[PDB]
Amino acid sequence: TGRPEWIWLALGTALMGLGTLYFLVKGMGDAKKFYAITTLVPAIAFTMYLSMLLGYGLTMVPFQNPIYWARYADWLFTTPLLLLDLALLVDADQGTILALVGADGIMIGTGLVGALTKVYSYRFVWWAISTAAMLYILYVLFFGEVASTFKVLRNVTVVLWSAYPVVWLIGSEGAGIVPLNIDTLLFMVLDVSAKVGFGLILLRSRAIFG
Amino acid sequence: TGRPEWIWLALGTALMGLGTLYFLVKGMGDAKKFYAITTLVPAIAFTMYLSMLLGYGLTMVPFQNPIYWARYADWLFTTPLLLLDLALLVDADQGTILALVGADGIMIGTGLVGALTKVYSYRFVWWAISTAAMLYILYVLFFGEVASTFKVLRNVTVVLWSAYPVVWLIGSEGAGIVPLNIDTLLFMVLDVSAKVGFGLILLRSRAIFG
Amino acid sequence: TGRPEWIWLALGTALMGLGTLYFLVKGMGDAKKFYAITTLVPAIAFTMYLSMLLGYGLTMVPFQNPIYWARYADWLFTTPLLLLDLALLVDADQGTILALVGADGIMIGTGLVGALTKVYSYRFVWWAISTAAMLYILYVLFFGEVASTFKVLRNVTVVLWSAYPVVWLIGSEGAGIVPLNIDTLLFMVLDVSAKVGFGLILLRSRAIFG
Ligand SMILES: *C/C=C(C)/C=C/C=C(C)/C=C/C1=C(C)CCCC1(C)C
Ligand SMILES: *C/C=C(C)/C=C/C=C(C)/C=C/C1=C(C)CCCC1(C)C
Ligand SMILES: *C/C=C(C)/C=C/C=C(C)/C=C/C1=C(C)CCCC1(C)C
């Protein structure tokens, strides 16, 4: 298309598409639970990447800046599902799952608001609050066979989720240090790893079984 | 009102209104669970039909085409609740419920996107993806007293849910073969049967009891 | 800011901010569950109050009337969480929780629609329907150590939730008897009490423990 970042968006679409199908066929045939959640994640990401590529999930924000809003719609559902996998994995109580999913909702809802805000400076305010929520989620993940995989995914989550605020911050969504074309690439590479990459470790693992 | 399809919208409102109340009084007095879910469904449909009739749930989409977006808001909640009844009925695991509700969310979210897309051809793309999700839900319903009712509702679901993609496809939302006035009528007749019609079979049945 | 009601919005922000933190530190360290839900509530309210104050959660509605839509986004999540605390407290079945949360969703969704409607008279129609849903929730709360606290919070809920329809009705959202500046103050005072005020009674109580 007429947009440089189309190929990354096309790439995200295919890669997320391929993973859903792969996860879909592997799942035939707790494990069920883990397959259910883990397949939904790239499946949802797949529709939002397609929406971004076709231009539906793109809007213009004055502060006129092109903002792909559709990833927040993605992240609103797929990140709590990712937390649930982890939660599942270690039999998290309902208190902690609730806490996590709530902070997650706050993390993404405020990121969206930051994304769509029309006063430049206020954007970072929302960035920080959202970061605070991320840091709480990461904190819960750390302080409160299976315990081996969990440590893996937890490390993966930490390294991958901590990259998003940075990319948004320096990217076209934030201070505009790095152009849209490049922050779209970074998000795609994070997203494929955080979801497809995350999925294979979990799903290729016997930790998911009773 | 100045719109031909007002009477179908008025009709949906009343019929969905009447059912909520009927379900509401019958429910006094697992069964509770089945009454809770089953009454919410026309209750929600009732507010969205009212919203369409008063014109709040109507918008214009260039590709300028009048689109009733409010039914997606309806379907986003009422179709997963319908799946839950079924799930309930056969003690579905949490894996399968999750799978179903996720594909359902994808089914409606993509339908909405198709509904609001401004490139004609892309609309059908979203139609197909949404159809794919429907076909997966229908597949789960089939392959994985009470077992008698369930077969009934399952047949009902299959016959009624399979009609929606067709009406959207040939209707004013899709190729525009059939005018808005008529696709509004078809959706109303499907909606009343899928919810009120569905509700009576389930609720007049002893399968709902322990 | 240039808006009279900024100070109430600033006040809501701080007070809701302070409560989240307070609840956050107290929670370290069923109880977990009660802390999880109860801290999320002002935490969410905190972001929406901030959004209103910075102007993101404010819009203009013709019928041109300034409408703070962001509180519905707040109430959509925080009021069902408040109901859940109560539900928790008395071991409500899943049927009743579902019923309550569904009517709650209807209560707020219709209030929002009323809030955004462009035909003056229709607004009250949506007001009434939303009120009907409130009255059903209040009805469930009444007709179907711990039983002592519960009665307290239930009384509190009843007195505080019943005030919202009145303020909306006479306020700038409704008939415009009382100016925006004043209905913003009333909502803030209700919100802080319904959430922070509600939280302390519950959280300072041993009813939350096994
Ligand atoms: C499947 C997609 C994933 C795992 C996305 C995760 C995204 C985040 C951890 C988001 C973080 C952000 C902040 C904490 C600050 C504001 C910018 C965000 C929303 C990118
Ligand atoms: C209470 C309302 C019900 C049962 C509605 C169900 C609607 C569907 C099964 C929707 C299907 C659609 C597709 C699968 C393709 C795109 C068009 C839709 C959204 C009508
Ligand atoms: C944390 C905020 C709370 C407890 C808000 C509760 C708000 C309501 C009980 C809302 C009620 C309303 C009606 C029943 C009629 C229409 C106007 C509303 C939405 C304010």
# chains A, B, ... in the order shown; residues from 1 in each chain; ligands from 1
>>> residues_around(residues="residue 73 in chain B", least_positions_apart="6", cutoff="9 Å", atoms="only C-alpha atoms", output="NGL selection string")
:B and (48 or 108 or 112)
>>> write_last_selection(atoms="C-alpha atoms", output="PDB file, in the first residue's frame")
ATOM      1  CA  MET B  48     -30.581  -2.022  21.565  1.00  0.00           C
ATOM      2  CA  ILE B 108     -19.093 -10.263  16.278  1.00  0.00           C
ATOM      3  CA  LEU B 112     -18.806  -4.965  13.256  1.00  0.00           C
TER       4      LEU B 112
END
>>> select_by_dssp(residues="range 60-191 of chain B", states="helix (DSSP H, G or I)", output="MDAnalysis selection string")
chainID B and resid 70:89 94:116 120:143 146:161 163:170 180:191
>>> closest_atom_pairs(of="chain C", to="chain B", cutoff="10 Å", atoms="only C-alpha atoms", output="JSON lines")
{"residue": "C:93", "atom": "CA", "partner": "B:33", "partner_atom": "CA", "distance": 8.4}
{"residue": "C:94", "atom": "CA", "partner": "B:33", "partner_atom": "CA", "distance": 6.6}
{"residue": "C:95", "atom": "CA", "partner": "B:33", "partner_atom": "CA", "distance": 3.9}
{"residue": "C:96", "atom": "CA", "partner": "B:36", "partner_atom": "CA", "distance": 7.0}
{"residue": "C:97", "atom": "CA", "partner": "B:36", "partner_atom": "CA", "distance": 8.9}
{"residue": "C:98", "atom": "CA", "partner": "B:36", "partner_atom": "CA", "distance": 6.3}
{"residue": "C:99", "atom": "CA", "partner": "B:36", "partner_atom": "CA", "distance": 5.1}
{"residue": "C:100", "atom": "CA", "partner": "B:36", "partner_atom": "CA", "distance": 8.9}
{"residue": "C:101", "atom": "CA", "partner": "B:40", "partner_atom": "CA", "distance": 9.9}
{"residue": "C:102", "atom": "CA", "partner": "B:40", "partner_atom": "CA", "distance": 6.4}
{"residue": "C:103", "atom": "CA", "partner": "B:40", "partner_atom": "CA", "distance": 7.6}
{"residue": "C:105", "atom": "CA", "partner": "B:44", "partner_atom": "CA", "distance": 9.1}
{"residue": "C:106", "atom": "CA", "partner": "B:44", "partner_atom": "CA", "distance": 6.9}
{"residue": "C:109", "atom": "CA", "partner": "B:47", "partner_atom": "CA", "distance": 9.1}
{"residue": "C:110", "atom": "CA", "partner": "B:47", "partner_atom": "CA", "distance": 7.4}
{"residue": "C:113", "atom": "CA", "partner": "B:56", "partner_atom": "CA", "distance": 7.7}
{"residue": "C:114", "atom": "CA", "partner": "B:56", "partner_atom": "CA", "distance": 9.5}
{"residue": "C:116", "atom": "CA", "partner": "B:56", "partner_atom": "CA", "distance": 8.7}
{"residue": "C:117", "atom": "CA", "partner": "B:56", "partner_atom": "CA", "distance": 6.7}
{"residue": "C:118", "atom": "CA", "partner": "B:56", "partner_atom": "CA", "distance": 8.2}
{"residue": "C:119", "atom": "CA", "partner": "B:54", "partner_atom": "CA", "distance": 8.9}
{"residue": "C:122", "atom": "CA", "partner": "B:54", "partner_atom": "CA", "distance": 7.8}
{"residue": "C:126", "atom": "CA", "partner": "B:47", "partner_atom": "CA", "distance": 8.9}
{"residue": "C:129", "atom": "CA", "partner": "B:47", "partner_atom": "CA", "distance": 8.6}
{"residue": "C:130", "atom": "CA", "partner": "B:47", "partner_atom": "CA", "distance": 9.9}
>>> write_last_selection(atoms="C-alpha atoms", output="PDB file, in the first residue's frame")
ATOM      1  CA  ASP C  93     -24.737 -17.888  43.962  1.00  0.00           C
ATOM      2  CA  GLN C  94     -23.492 -17.444  40.391  1.00  0.00           C
ATOM      3  CA  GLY C  95     -27.070 -16.983  39.207  1.00  0.00           C
ATOM      4  CA  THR C  96     -27.640 -13.885  41.337  1.00  0.00           C
ATOM      5  CA  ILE C  97     -24.194 -12.437  40.676  1.00  0.00           C
ATOM      6  CA  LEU C  98     -24.888 -12.770  36.952  1.00  0.00           C
ATOM      7  CA  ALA C  99     -28.328 -11.228  37.311  1.00  0.00           C
ATOM      8  CA  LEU C 100     -26.900  -8.290  39.279  1.00  0.00           C
ATOM      9  CA  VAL C 101     -23.948  -7.649  36.989  1.00  0.00           C
ATOM     10  CA  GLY C 102     -26.199  -7.874  33.937  1.00  0.00           C
ATOM     11  CA  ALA C 103     -28.716  -5.362  35.310  1.00  0.00           C
ATOM     12  CA  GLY C 105     -24.409  -3.293  32.752  1.00  0.00           C
ATOM     13  CA  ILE C 106     -27.883  -2.352  31.570  1.00  0.00           C
ATOM     14  CA  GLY C 109     -25.118   1.314  29.254  1.00  0.00           C
ATOM     15  CA  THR C 110     -28.574   2.886  29.089  1.00  0.00           C
ATOM     16  CA  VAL C 113     -27.077   6.277  25.816  1.00  0.00           C
ATOM     17  CA  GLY C 114     -29.352   8.697  27.637  1.00  0.00           C
ATOM     18  CA  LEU C 116     -25.409  11.002  24.555  1.00  0.00           C
ATOM     19  CA  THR C 117     -28.898  11.203  23.013  1.00  0.00           C
ATOM     20  CA  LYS C 118     -29.747  14.215  20.863  1.00  0.00           C
ATOM     21  CA  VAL C 119     -33.509  14.263  21.332  1.00  0.00           C
ATOM     22  CA  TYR C 122     -35.733  10.523  24.671  1.00  0.00           C
ATOM     23  CA  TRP C 126     -33.328   6.151  28.811  1.00  0.00           C
ATOM     24  CA  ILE C 129     -35.134   2.378  31.872  1.00  0.00           C
ATOM     25  CA  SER C 130     -31.790   2.805  33.612  1.00  0.00           C
TER      26      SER C 130
END
>>> calpha_fit_and_write(fixed="chain C", moving="chain B", output="PDB file with C-alpha atoms, in the first residue's frame")
ATOM      1  CA  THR B   1      -8.425  25.419  34.337  1.00  0.00           C
ATOM      2  CA  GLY B   2     -10.932  27.547  32.416  1.00  0.00           C
ATOM      3  CA  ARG B   3     -13.742  25.362  33.763  1.00  0.00           C
ATOM      4  CA  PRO B   4     -15.401  26.028  37.124  1.00  0.00           C
ATOM      5  CA  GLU B   5     -15.849  22.324  37.847  1.00  0.00           C
ATOM      6  CA  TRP B   6     -12.092  21.674  37.504  1.00  0.00           C
ATOM      7  CA  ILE B   7     -11.529  21.807  41.252  1.00  0.00           C
ATOM      8  CA  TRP B   8     -14.124  19.085  41.964  1.00  0.00           C
ATOM      9  CA  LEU B   9     -12.545  17.018  39.222  1.00  0.00           C
ATOM     10  CA  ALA B  10      -9.093  17.710  40.676  1.00  0.00           C
ATOM     11  CA  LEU B  11     -10.521  16.845  44.086  1.00  0.00           C
ATOM     12  CA  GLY B  12     -12.003  13.592  42.825  1.00  0.00           C
ATOM     13  CA  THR B  13      -8.673  12.723  41.222  1.00  0.00           C
ATOM     14  CA  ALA B  14      -6.598  13.252  44.367  1.00  0.00           C
ATOM     15  CA  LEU B  15      -9.137  11.683  46.728  1.00  0.00           C
ATOM     16  CA  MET B  16      -9.506   8.651  44.474  1.00  0.00           C
ATOM     17  CA  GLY B  17      -5.743   8.612  44.035  1.00  0.00           C
ATOM     18  CA  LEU B  18      -5.098   8.700  47.767  1.00  0.00           C
ATOM     19  CA  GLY B  19      -7.570   5.879  48.402  1.00  0.00           C
ATOM     20  CA  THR B  20      -6.045   3.530  45.840  1.00  0.00           C
ATOM     21  CA  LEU B  21      -2.643   4.019  47.427  1.00  0.00           C
ATOM     22  CA  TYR B  22      -4.097   3.686  50.938  1.00  0.00           C
ATOM     23  CA  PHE B  23      -5.972   0.537  49.944  1.00  0.00           C
ATOM     24  CA  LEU B  24      -2.814  -0.589  48.151  1.00  0.00           C
ATOM     25  CA  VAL B  25      -0.578  -0.347  51.206  1.00  0.00           C
ATOM     26  CA  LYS B  26      -3.166  -1.760  53.616  1.00  0.00           C
ATOM     27  CA  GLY B  27      -3.606  -4.763  51.321  1.00  0.00           C
ATOM     28  CA  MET B  28      -0.005  -5.721  52.021  1.00  0.00           C
ATOM     29  CA  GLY B  29      -1.204  -7.761  53.648  1.00  0.00           C
ATOM     30  CA  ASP B  30     -11.115 -14.124  50.679  1.00  0.00           C
ATOM     31  CA  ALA B  31      -9.485 -10.995  52.151  1.00  0.00           C
ATOM     32  CA  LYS B  32      -7.088 -10.860  49.196  1.00  0.00           C
ATOM     33  CA  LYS B  33     -10.136 -11.111  46.946  1.00  0.00           C
ATOM     34  CA  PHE B  34     -11.813  -8.272  48.840  1.00  0.00           C
ATOM     35  CA  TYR B  35      -8.641  -6.187  48.646  1.00  0.00           C
ATOM     36  CA  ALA B  36      -8.179  -6.913  44.953  1.00  0.00           C
ATOM     37  CA  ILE B  37     -11.658  -5.798  44.015  1.00  0.00           C
ATOM     38  CA  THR B  38     -11.793  -2.889  46.437  1.00  0.00           C
ATOM     39  CA  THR B  39      -8.507  -1.336  45.341  1.00  0.00           C
ATOM     40  CA  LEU B  40      -9.290  -1.565  41.627  1.00  0.00           C
ATOM     41  CA  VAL B  41     -12.398   0.558  42.142  1.00  0.00           C
ATOM     42  CA  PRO B  42     -10.853   3.911  43.124  1.00  0.00           C
ATOM     43  CA  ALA B  43      -7.882   3.022  40.914  1.00  0.00           C
ATOM     44  CA  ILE B  44     -10.171   2.977  37.890  1.00  0.00           C
ATOM     45  CA  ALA B  45     -12.142   5.963  39.156  1.00  0.00           C
ATOM     46  CA  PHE B  46      -8.816   7.726  39.566  1.00  0.00           C
ATOM     47  CA  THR B  47      -7.947   7.407  35.872  1.00  0.00           C
ATOM     48  CA  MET B  48     -11.390   8.559  34.698  1.00  0.00           C
ATOM     49  CA  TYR B  49     -11.414  11.524  37.042  1.00  0.00           C
ATOM     50  CA  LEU B  50      -7.981  12.440  35.715  1.00  0.00           C
ATOM     51  CA  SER B  51      -9.335  11.992  32.183  1.00  0.00           C
ATOM     52  CA  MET B  52     -12.224  14.305  32.947  1.00  0.00           C
ATOM     53  CA  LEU B  53     -10.005  16.988  34.506  1.00  0.00           C
ATOM     54  CA  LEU B  54      -7.524  17.018  31.582  1.00  0.00           C
ATOM     55  CA  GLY B  55     -10.528  17.249  29.258  1.00  0.00           C
ATOM     56  CA  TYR B  56     -10.221  13.916  27.509  1.00  0.00           C
ATOM     57  CA  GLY B  57     -13.384  12.501  29.077  1.00  0.00           C
ATOM     58  CA  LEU B  58     -15.492  15.531  28.120  1.00  0.00           C
ATOM     59  CA  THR B  59     -17.581  15.861  24.968  1.00  0.00           C
ATOM     60  CA  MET B  60     -20.321  18.097  23.555  1.00  0.00           C
ATOM     61  CA  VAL B  61     -23.855  16.839  23.002  1.00  0.00           C
ATOM     62  CA  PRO B  62     -26.515  18.625  20.958  1.00  0.00           C
ATOM     63  CA  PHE B  63     -30.082  18.571  22.332  1.00  0.00           C
ATOM     64  CA  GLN B  64     -24.416  22.189  22.540  1.00  0.00           C
ATOM     65  CA  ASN B  65     -24.218  20.560  25.972  1.00  0.00           C
ATOM     66  CA  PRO B  66     -20.989  19.507  27.707  1.00  0.00           C
ATOM     67  CA  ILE B  67     -21.174  15.876  28.775  1.00  0.00           C
ATOM     68  CA  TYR B  68     -18.476  14.111  30.801  1.00  0.00           C
ATOM     69  CA  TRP B  69     -18.754  10.695  29.189  1.00  0.00           C
ATOM     70  CA  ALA B  70     -15.763   9.215  30.986  1.00  0.00           C
ATOM     71  CA  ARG B  71     -17.691   8.527  34.192  1.00  0.00           C
ATOM     72  CA  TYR B  72     -19.774   5.893  32.340  1.00  0.00           C
ATOM     73  CA  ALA B  73     -16.527   4.155  31.397  1.00  0.00           C
ATOM     74  CA  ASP B  74     -15.699   4.334  35.105  1.00  0.00           C
ATOM     75  CA  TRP B  75     -19.113   3.137  36.311  1.00  0.00           C
ATOM     76  CA  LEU B  76     -19.185   0.386  33.697  1.00  0.00           C
ATOM     77  CA  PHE B  77     -16.379  -1.355  35.577  1.00  0.00           C
ATOM     78  CA  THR B  78     -16.459  -0.013  39.153  1.00  0.00           C
ATOM     79  CA  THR B  79     -20.149  -0.564  39.934  1.00  0.00           C
ATOM     80  CA  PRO B  80     -20.132  -4.274  39.019  1.00  0.00           C
ATOM     81  CA  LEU B  81     -16.971  -4.604  41.142  1.00  0.00           C
ATOM     82  CA  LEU B  82     -18.818  -3.031  44.059  1.00  0.00           C
ATOM     83  CA  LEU B  83     -21.685  -5.476  43.625  1.00  0.00           C
ATOM     84  CA  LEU B  84     -19.143  -8.318  43.613  1.00  0.00           C
ATOM     85  CA  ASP B  85     -17.777  -7.267  47.018  1.00  0.00           C
ATOM     86  CA  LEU B  86     -21.301  -7.546  48.429  1.00  0.00           C
ATOM     87  CA  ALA B  87     -21.882 -10.816  46.551  1.00  0.00           C
ATOM     88  CA  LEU B  88     -18.578 -12.160  47.880  1.00  0.00           C
ATOM     89  CA  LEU B  89     -19.492 -11.071  51.399  1.00  0.00           C
ATOM     90  CA  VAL B  90     -22.579 -13.279  51.409  1.00  0.00           C
ATOM     91  CA  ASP B  91     -21.493 -16.087  49.119  1.00  0.00           C
ATOM     92  CA  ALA B  92     -24.028 -15.141  46.471  1.00  0.00           C
ATOM     93  CA  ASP B  93     -24.737 -17.888  43.962  1.00  0.00           C
ATOM     94  CA  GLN B  94     -23.492 -17.444  40.391  1.00  0.00           C
ATOM     95  CA  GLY B  95     -27.070 -16.984  39.206  1.00  0.00           C
ATOM     96  CA  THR B  96     -27.640 -13.885  41.337  1.00  0.00           C
ATOM     97  CA  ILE B  97     -24.194 -12.437  40.676  1.00  0.00           C
ATOM     98  CA  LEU B  98     -24.889 -12.770  36.951  1.00  0.00           C
ATOM     99  CA  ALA B  99     -28.328 -11.228  37.311  1.00  0.00           C
ATOM    100  CA  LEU B 100     -26.900  -8.290  39.279  1.00  0.00           C
ATOM    101  CA  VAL B 101     -23.949  -7.649  36.989  1.00  0.00           C
ATOM    102  CA  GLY B 102     -26.199  -7.874  33.937  1.00  0.00           C
ATOM    103  CA  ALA B 103     -28.716  -5.362  35.310  1.00  0.00           C
ATOM    104  CA  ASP B 104     -25.741  -3.229  36.308  1.00  0.00           C
ATOM    105  CA  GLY B 105     -24.409  -3.293  32.752  1.00  0.00           C
ATOM    106  CA  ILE B 106     -27.884  -2.352  31.570  1.00  0.00           C
ATOM    107  CA  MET B 107     -28.108   0.398  34.183  1.00  0.00           C
ATOM    108  CA  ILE B 108     -24.900   2.048  32.997  1.00  0.00           C
ATOM    109  CA  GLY B 109     -25.118   1.314  29.253  1.00  0.00           C
ATOM    110  CA  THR B 110     -28.574   2.886  29.088  1.00  0.00           C
ATOM    111  CA  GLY B 111     -27.437   5.823  31.211  1.00  0.00           C
ATOM    112  CA  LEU B 112     -24.664   6.417  28.736  1.00  0.00           C
ATOM    113  CA  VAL B 113     -27.077   6.276  25.815  1.00  0.00           C
ATOM    114  CA  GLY B 114     -29.352   8.697  27.636  1.00  0.00           C
ATOM    115  CA  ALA B 115     -26.283  10.832  28.254  1.00  0.00           C
ATOM    116  CA  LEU B 116     -25.410  11.002  24.555  1.00  0.00           C
ATOM    117  CA  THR B 117     -28.898  11.203  23.013  1.00  0.00           C
ATOM    118  CA  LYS B 118     -29.747  14.215  20.863  1.00  0.00           C
ATOM    119  CA  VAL B 119     -33.509  14.263  21.332  1.00  0.00           C
ATOM    120  CA  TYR B 120     -34.087  15.869  24.770  1.00  0.00           C
ATOM    121  CA  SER B 121     -37.252  13.909  25.609  1.00  0.00           C
ATOM    122  CA  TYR B 122     -35.733  10.523  24.671  1.00  0.00           C
ATOM    123  CA  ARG B 123     -33.026  11.151  27.264  1.00  0.00           C
ATOM    124  CA  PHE B 124     -35.502  10.716  30.101  1.00  0.00           C
ATOM    125  CA  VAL B 125     -36.824   7.580  28.475  1.00  0.00           C
ATOM    126  CA  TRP B 126     -33.329   6.151  28.811  1.00  0.00           C
ATOM    127  CA  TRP B 127     -33.161   7.639  32.291  1.00  0.00           C
ATOM    128  CA  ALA B 128     -36.253   5.694  33.328  1.00  0.00           C
ATOM    129  CA  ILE B 129     -35.134   2.378  31.871  1.00  0.00           C
ATOM    130  CA  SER B 130     -31.790   2.805  33.612  1.00  0.00           C
ATOM    131  CA  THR B 131     -33.649   3.650  36.807  1.00  0.00           C
ATOM    132  CA  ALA B 132     -35.744   0.505  36.416  1.00  0.00           C
ATOM    133  CA  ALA B 133     -32.513  -1.517  36.291  1.00  0.00           C
ATOM    134  CA  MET B 134     -31.178   0.251  39.390  1.00  0.00           C
ATOM    135  CA  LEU B 135     -34.414  -0.534  41.236  1.00  0.00           C
ATOM    136  CA  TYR B 136     -34.032  -4.190  40.269  1.00  0.00           C
ATOM    137  CA  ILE B 137     -30.473  -4.274  41.575  1.00  0.00           C
ATOM    138  CA  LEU B 138     -31.560  -2.651  44.804  1.00  0.00           C
ATOM    139  CA  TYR B 139     -34.383  -5.208  44.929  1.00  0.00           C
ATOM    140  CA  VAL B 140     -31.989  -8.135  44.580  1.00  0.00           C
ATOM    141  CA  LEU B 141     -29.796  -6.671  47.304  1.00  0.00           C
ATOM    142  CA  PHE B 142     -32.813  -6.861  49.625  1.00  0.00           C
ATOM    143  CA  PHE B 143     -34.837  -9.951  48.650  1.00  0.00           C
ATOM    144  CA  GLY B 144     -32.541 -12.412  46.858  1.00  0.00           C
ATOM    145  CA  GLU B 145     -20.031 -10.266  61.793  1.00  0.00           C
ATOM    146  CA  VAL B 146     -20.551 -10.678  58.054  1.00  0.00           C
ATOM    147  CA  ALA B 147     -24.319 -10.182  58.067  1.00  0.00           C
ATOM    148  CA  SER B 148     -23.660  -6.993  60.077  1.00  0.00           C
ATOM    149  CA  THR B 149     -21.143  -5.381  57.739  1.00  0.00           C
ATOM    150  CA  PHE B 150     -23.230  -6.422  54.738  1.00  0.00           C
ATOM    151  CA  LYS B 151     -26.258  -4.601  56.110  1.00  0.00           C
ATOM    152  CA  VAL B 152     -24.084  -1.528  56.508  1.00  0.00           C
ATOM    153  CA  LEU B 153     -22.674  -1.554  52.983  1.00  0.00           C
ATOM    154  CA  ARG B 154     -26.100  -2.468  51.623  1.00  0.00           C
ATOM    155  CA  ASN B 155     -27.627   0.525  53.398  1.00  0.00           C
ATOM    156  CA  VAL B 156     -24.757   2.676  52.113  1.00  0.00           C
ATOM    157  CA  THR B 157     -25.208   1.398  48.583  1.00  0.00           C
ATOM    158  CA  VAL B 158     -28.933   2.058  48.661  1.00  0.00           C
ATOM    159  CA  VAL B 159     -28.585   5.593  49.990  1.00  0.00           C
ATOM    160  CA  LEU B 160     -25.700   6.438  47.677  1.00  0.00           C
ATOM    161  CA  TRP B 161     -26.785   4.721  44.431  1.00  0.00           C
ATOM    162  CA  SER B 162     -30.311   6.174  44.676  1.00  0.00           C
ATOM    163  CA  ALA B 163     -28.829   9.695  44.589  1.00  0.00           C
ATOM    164  CA  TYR B 164     -27.239   9.341  41.131  1.00  0.00           C
ATOM    165  CA  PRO B 165     -30.482   9.241  39.087  1.00  0.00           C
ATOM    166  CA  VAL B 166     -31.685  12.304  40.971  1.00  0.00           C
ATOM    167  CA  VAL B 167     -28.528  14.338  40.297  1.00  0.00           C
ATOM    168  CA  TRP B 168     -28.513  13.291  36.634  1.00  0.00           C
ATOM    169  CA  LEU B 169     -32.204  14.094  36.362  1.00  0.00           C
ATOM    170  CA  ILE B 170     -32.023  17.633  37.744  1.00  0.00           C
ATOM    171  CA  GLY B 171     -28.421  18.188  36.645  1.00  0.00           C
ATOM    172  CA  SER B 172     -26.864  19.439  33.408  1.00  0.00           C
ATOM    173  CA  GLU B 173     -27.229  15.912  32.015  1.00  0.00           C
ATOM    174  CA  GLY B 174     -31.018  15.996  32.435  1.00  0.00           C
ATOM    175  CA  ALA B 175     -33.468  18.886  32.826  1.00  0.00           C
ATOM    176  CA  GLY B 176     -30.653  21.319  33.595  1.00  0.00           C
ATOM    177  CA  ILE B 177     -32.199  22.574  36.832  1.00  0.00           C
ATOM    178  CA  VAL B 178     -28.782  22.542  38.509  1.00  0.00           C
ATOM    179  CA  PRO B 179     -25.653  23.697  36.648  1.00  0.00           C
ATOM    180  CA  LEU B 180     -22.808  21.447  35.530  1.00  0.00           C
ATOM    181  CA  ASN B 181     -20.537  22.928  38.189  1.00  0.00           C
ATOM    182  CA  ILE B 182     -22.861  21.657  40.901  1.00  0.00           C
ATOM    183  CA  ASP B 183     -23.738  18.265  39.451  1.00  0.00           C
ATOM    184  CA  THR B 184     -20.023  17.642  39.007  1.00  0.00           C
ATOM    185  CA  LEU B 185     -19.589  18.338  42.756  1.00  0.00           C
ATOM    186  CA  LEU B 186     -22.437  16.022  43.778  1.00  0.00           C
ATOM    187  CA  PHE B 187     -21.146  13.151  41.632  1.00  0.00           C
ATOM    188  CA  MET B 188     -17.667  13.586  43.086  1.00  0.00           C
ATOM    189  CA  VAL B 189     -18.996  13.503  46.644  1.00  0.00           C
ATOM    190  CA  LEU B 190     -21.125  10.480  45.858  1.00  0.00           C
ATOM    191  CA  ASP B 191     -18.280   8.748  44.011  1.00  0.00           C
ATOM    192  CA  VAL B 192     -15.753   9.270  46.792  1.00  0.00           C
ATOM    193  CA  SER B 193     -18.197   7.937  49.374  1.00  0.00           C
ATOM    194  CA  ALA B 194     -19.479   5.061  47.268  1.00  0.00           C
ATOM    195  CA  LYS B 195     -15.932   3.914  46.580  1.00  0.00           C
ATOM    196  CA  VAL B 196     -13.437   5.224  49.111  1.00  0.00           C
ATOM    197  CA  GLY B 197     -16.086   5.565  51.817  1.00  0.00           C
ATOM    198  CA  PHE B 198     -17.437   2.125  50.905  1.00  0.00           C
ATOM    199  CA  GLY B 199     -13.927   0.686  50.857  1.00  0.00           C
ATOM    200  CA  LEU B 200     -12.954   1.671  54.389  1.00  0.00           C
ATOM    201  CA  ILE B 201     -16.012   0.114  56.052  1.00  0.00           C
ATOM    202  CA  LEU B 202     -15.485  -3.137  54.174  1.00  0.00           C
ATOM    203  CA  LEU B 203     -11.716  -3.155  54.467  1.00  0.00           C
ATOM    204  CA  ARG B 204     -11.610  -2.081  58.124  1.00  0.00           C
ATOM    205  CA  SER B 205     -13.934  -5.018  58.816  1.00  0.00           C
ATOM    206  CA  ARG B 206     -13.097  -8.570  59.910  1.00  0.00           C
ATOM    207  CA  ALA B 207     -16.052  -9.792  57.866  1.00  0.00           C
ATOM    208  CA  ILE B 208     -13.646  -9.986  54.926  1.00  0.00           C
ATOM    209  CA  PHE B 209     -11.668 -12.748  56.652  1.00  0.00           C
ATOM    210  CA  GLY B 210     -12.164 -16.502  56.790  1.00  0.00           C
TER     211      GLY B 210
END
>>> select_by_dssp(residues="range 14-171 of chain C", states="strand (DSSP E)", output="PyMOL selection string")
chain C and resi 58-61+65-68
